[PDB]
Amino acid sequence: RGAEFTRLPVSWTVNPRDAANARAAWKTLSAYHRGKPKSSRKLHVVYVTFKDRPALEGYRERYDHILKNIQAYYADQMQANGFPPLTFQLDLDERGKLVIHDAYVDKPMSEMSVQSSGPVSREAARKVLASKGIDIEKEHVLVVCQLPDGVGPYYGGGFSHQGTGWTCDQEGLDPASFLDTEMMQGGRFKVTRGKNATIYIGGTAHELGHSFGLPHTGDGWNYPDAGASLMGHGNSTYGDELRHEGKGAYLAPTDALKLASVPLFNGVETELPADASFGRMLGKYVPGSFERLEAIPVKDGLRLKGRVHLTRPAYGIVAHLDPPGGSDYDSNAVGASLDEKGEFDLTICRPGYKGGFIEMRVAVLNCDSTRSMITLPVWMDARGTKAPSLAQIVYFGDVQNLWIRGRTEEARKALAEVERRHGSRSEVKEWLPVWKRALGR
């Protein structure tokens, strides 16, 4: 109900199973938080100007609207998914307005480039934050540069306890522009002024999600009337409902699950484990293993049943489908709850997929904000043929059992043994390339 920053409505209804999974996740996380110190983390804002690039007019009031819009959006989307209205807290002054730290870089735009705008702007943010007693390497920071397109950075990266977002200011940029239907003039993108603000501010929400540790997650068959996933193509649809263009952008339940363990969102200062490590995808990862893991083929999808070997508290599980040759934008995800013994059961589909072999990512969300992730080769079709899945049990049973237990080198040896013993058989030789690919992620 905050019209001062053009608060976005909720234009989708969560599926009942995801809301039930959200409640079970928050119940588990709340028990984990009992007795742990509270978090005072805030999302800090730095405004970077340059030698021939002074601060734009009203940037303090306009970005007070922008961040409050993103803050309300995340809270409202968290609440729509079944969680409490969790969101990041801002630094407010005595008047309740957004505190923005101003930084300057003594370099002209001619001396800047697409590859240097990022690090140079963050370097200026480090200095101005340290002067105020804030360590940039231990907080989440949004760096706003007064740079144009083709020079300035639109980027985001981080994890649960540290992250950095990058965006660029523009004259009159404000969430109030979301309603404008007038066309922009003279630009390569033949698009309205309202969508242009959607790209800017919706992009900022997309980069901030990246800074919290969220990779890309596209739309799925289970949400055909919810708009575009914010961490997918939703960055370009954020606020489209205010122009009656569509359903806008929604926070995917699998992304809501991951953020529920972020201290910036839940307010609890949990400690990261010692074995946390960065991976190919955004986030912090720890080793994990399963007691059993089977993907059963169904019509246009898979039914994933398994039992996690829980050596640490976990609150949920997320299954991804990654089509070969596609980017992370093309993946779809399904979430599920975990019982105390570690059993889970979910169904993930990709209707119309003709490629047959597809990669599946199974992520276990731990209460310490980290994740354990494994990549499994699976076969899928419209009919739901069981023949490839049966060859995976008969020939590749030892490979899977070792792989889901994290024994990569032993699984490779067992994979080499079936290739040398039965590699000439047609039903075996087609599983070898997708198994070798899965064993290297």
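So that there is no doubt, residue numbering starts at 1 and follows the sequence shown.
The stretch 62 to 70 shows the higher mean C-alpha B-factor when 62 to 70 is compared against 390 to 398 in the entry. Look at the C-alpha B-factors of 89 to 97 and of 160 to 168. On average they run higher in 89 to 97. Between the residues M109, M360, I317, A226, it is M109 that shows the highest Cα B-factor in the PDB record. Across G279, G218, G335, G133, the entry's maximum B-factor at the CA atom is seen for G133. Looking at the C-alpha B-factors along this chain, the one for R312 belongs to the middle third. Among all modelled residues in this chain, the alpha-carbon of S331 has a temperature factor (C-alpha) in the middle third.
Among the modelled residues of the chain, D149 sits in the highest third by CA temperature factor in this PDB entry. In this PDB entry, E245 carries a Cα temperature factor that places it within the highest third of its chain's modelled residues. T13: CA B factor lies in the highest third for its chain, per the PDB record.
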